[PDB]
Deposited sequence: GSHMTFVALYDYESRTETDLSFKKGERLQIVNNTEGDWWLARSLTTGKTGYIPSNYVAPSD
C-alpha cells in the first residue's frame, strides 16, 4: 500500500549488466537481498541492494 517505495541511504555504482546505480536521496519503486527497482529519477530499471534503501513516500 506504500511499502514498495524507497529512498537511497547511500550512493551506489553499478557493477554488472543487471544492477542499477543510484545516488543518496534518489527514490526507487520496487517492481531477498537484491530487489528489482525502477529509479524515480531516471526511469531505469535494475537490481538494487535492499539494505541501501529505506522506506519513503
Practice task
Map the modelled residues onto the deposited sequence and report the uncovered stretches in sequence order.
Solution key: 32 to 35
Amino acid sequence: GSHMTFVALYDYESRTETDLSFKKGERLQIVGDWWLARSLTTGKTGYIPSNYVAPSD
From here on, numbers count along this sequence of modelled residues.
Completion exercise
By the entry's values, the third containing the CA B factor of residue 43 is the middle
Handout entry: residue 11 - which third its CA temperature factor falls in, relative to the rest of the chain
Key = middle
